[PDB]
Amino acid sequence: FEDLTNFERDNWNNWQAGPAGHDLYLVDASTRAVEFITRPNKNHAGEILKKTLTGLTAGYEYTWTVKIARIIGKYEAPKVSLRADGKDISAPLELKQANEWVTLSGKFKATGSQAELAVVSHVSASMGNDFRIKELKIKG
């Protein structure tokens, strides 16, 4: 079960002002994100973000979540997966609606104190293939 209200598309998801909530309205706050604009005539398929995550313990399963959204929404849709220690730990997720923030998730099992993580693009195209990543989180 999960009931998530982020107010995208001005959907209040049945939340209402209470008696003490006066003159409520929605605004655009801001959150920092890496932008992937994929310029012309470069190959944008492969590992697009990399990190050697330290502080792990062998045999534990860690959960990697990435908050990601397509932008612009024109031409080719991005397709993004997660990789850990060379192993694909998620299916390729196609990003479709512009500025709809979704979670890309995978789990991996550490073999030691660190793991080599990579976010992977499966679309080499520059026409479209535009998206943003605002958060990468690993929990265990």
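Heads up: residue numbers just count along the shown sequence, starting at 1.
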- Once average C-alpha B-factors are taken from the entry for 119-127 and 6-14, the winner is 6-14
- Quick note on 15-23 and 128-136: per-entry mean CA temperature factor is higher in 15-23
- Selection from 81, 113, 63, 103 [criterion: highest C-alpha temperature factor in the record]: 113
- Top residue by Cα temperature factor, when 34, 37, 95, 48 are compared in the entry: 95
- Relative C-alpha B-factor of residue 109, binned into the chain's lowest, middle or highest third: middle
- Message: Please place residue 42 in the lowest, middle or highest third of its chain according to the CA B-factor in the PDB entry.
- Response: middle
